[PDB]
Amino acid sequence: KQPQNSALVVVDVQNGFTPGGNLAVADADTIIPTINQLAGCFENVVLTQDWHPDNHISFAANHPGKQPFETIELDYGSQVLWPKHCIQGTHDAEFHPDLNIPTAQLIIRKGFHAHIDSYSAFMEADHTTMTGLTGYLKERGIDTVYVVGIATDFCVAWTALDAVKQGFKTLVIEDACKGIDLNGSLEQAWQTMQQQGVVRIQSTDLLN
């Protein structure tokens, strides 16, 4: 069992990002059993939820003339636009029915500001609005974060990279993640994470 100063952060294991959902990442449901097992290795487990209002600025539907998977320039920089997904209170937003972590101690929703996305569970896309997560973990005596979930190259990568920025020892458990790979995002995410000192590990490194 991992020590009290470690937490597992389970990123967006939601209907919306799994097969059948509005932004389904192929095979993303196959990581769930590994995640359920990993969470049993940990004393401390947080789960995140993309939690968008219908009018969110990340939906291509809210920008005249723009299509899913196009990028647009916002006050805070480049924003990829998406199909509508994980809208607050909808089926798409719920956790995947295979997810089974009764010991989870926190559920932190993100992306709820209409005008600011938040792939990261730690900081919003404006690079300035802090979500509360850093404060929560530090108060609990947590100094080490392992990140799993969906998508590797968006919410997992940005959560991991913000965890580093905020002072956490950060690791990503690769086989408990699944990626989208838009215009080469997946390899770039791995390169950036590795440059910034995120440790790339496999589930077998913890379970055995």
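One rule holds for the numbers: they count along the sequence shown, beginning at 1.
Visitor: Averaging only over Cα atoms, indicate whether 136 to 144 or 61 to 69 has the higher B-factor in the PDB entry.
Guide: Taking the mean C-alpha B-factor of 136 to 144 and of 61 to 69, the larger value falls to 61 to 69.
Visitor: Which is higher in the entry, the mean Cα B factor of 30 to 38 or that of 151 to 159?
Guide: Comparing 151 to 159 with 30 to 38, the higher mean C-alpha B-factor belongs to 30 to 38.
Visitor: Name the one of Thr103, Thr128, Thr131, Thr90 with the greatest CA B-factor according to the PDB entry.
Guide: Going by the entry's C-alpha B-factors, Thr128 comes out highest.
Visitor: Tell me, lowest, middle or highest third: where does the Cα B factor of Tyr76 rank within its chain?
Guide: CA B-factor rank for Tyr76: highest third.
Visitor: Determine, from the deposited record, the chain-internal third of the Cα B-factor for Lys165: lowest, middle or highest.
Guide: For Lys165, whose C-alpha B-factor we compare with every modelled residue in the chain, the answer is the middle third.
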